[PDB]
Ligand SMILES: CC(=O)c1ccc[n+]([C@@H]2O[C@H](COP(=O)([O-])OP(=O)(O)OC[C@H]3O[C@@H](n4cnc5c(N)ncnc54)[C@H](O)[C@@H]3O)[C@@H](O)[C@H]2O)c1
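Quick heads-up: it's one chain on its own, the form deposited without the ligand, in structure tokens.
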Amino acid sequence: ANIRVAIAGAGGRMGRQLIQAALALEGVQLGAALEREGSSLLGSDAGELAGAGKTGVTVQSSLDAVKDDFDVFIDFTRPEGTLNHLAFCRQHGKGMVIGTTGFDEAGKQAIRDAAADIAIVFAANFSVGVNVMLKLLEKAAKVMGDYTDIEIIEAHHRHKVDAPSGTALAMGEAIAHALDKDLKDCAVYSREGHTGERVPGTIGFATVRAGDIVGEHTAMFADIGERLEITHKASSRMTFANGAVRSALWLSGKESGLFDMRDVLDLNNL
């Protein structure tokens, strides 16, 4: 490994995962692991925290302490925290992969500034698969969009509280925009009672909520005689981790900047 990461909030589920990714992903090294001061788990050799442990890395909780230890900060904690780690990384030119999510207009507008000073990367979804699908969608909608019926089906564990999934909507948008139309115009979220006929050109959504489903999404292009279905299935929350690590590694060669998975994955030339 020729580069060091910095899994913030190292002790949580995200962090843990993130640590695993750190190990596995060929080409990255675990330079650091942070955690809330005074948390009992301060001190354990990171690796140990997530399965296999040999790491010469001990979970600290001092930003400035580890200043030396990494090459790029991988932040997936709550906002404020994130905001702060950011000013640091900017002040020190450290580089970050912002998995964190939920900023206000001045948060995103904050991350904007930081950009010139340093190489940030910022995505709403660190899944390679997903980001890819999202692209493939444009392609399909392009060719078959016009004449086929488009439906989007998603399913998530019983606890999710927003319908449909934000990813579904993203899919909706991808398609909608590849067809010069706006999702607000042709979205159909419910089909109940005497509906009538599937209106030409509308996109429909079906939402399943059950069990521990991490996340299953299906894009459907239906014609008479054939249909194409593009589907993504997330088995563990690792998916995103793998995304961020790859993302992180990607940054290995830049000074300033603001990106997302398209850039990383190199998808506009796809």
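Numbering starts at 1 and runs along the sequence shown. We call the rigid core the largest set of C-alpha positions that still match within 1.5 Å between the two forms.
The next section is about a form of this same protein that is not shown, the form deposited with the ligand bound.
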Task: Contact residue in the deposited bound form, chosen from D146, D185, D104, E80 - any heavy atom within 4.5 Å of the ligand - done: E80
Task: Answer range among 34 to 42, 52 to 60, 220 to 228, 200 to 208 for contact with the ligand, defined in the deposited bound form as heavy atoms within 4.5 Å - done: 34 to 42
Open item on the list: Just checking whether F240 would be counted as a contact of the ligand in the deposited bound form - the rule being heavy atoms within 4.5 angstroms.
Closed with: yes
Open item on the list: Quick check on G99: any heavy atom within 4.5 Å of the ligand in the deposited bound form?
Closed with: yes
Open item on the list: Given that the ligand is not shown alongside this chain, does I152 nevertheless sit within 4.5 Å of it in the deposited bound form, heavy atom to heavy atom?
Closed with: no
Open item on the list: Is it the case that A123, even though its partner is missing from this view, gets within 4.5 Å of the ligand in the deposited bound form, heavy atoms only?
Closed with: yes
Task: Of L34, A219, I203, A46, the one whose Cα moves 2 Å or more between the shown form and the other one after core superposition - done: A46
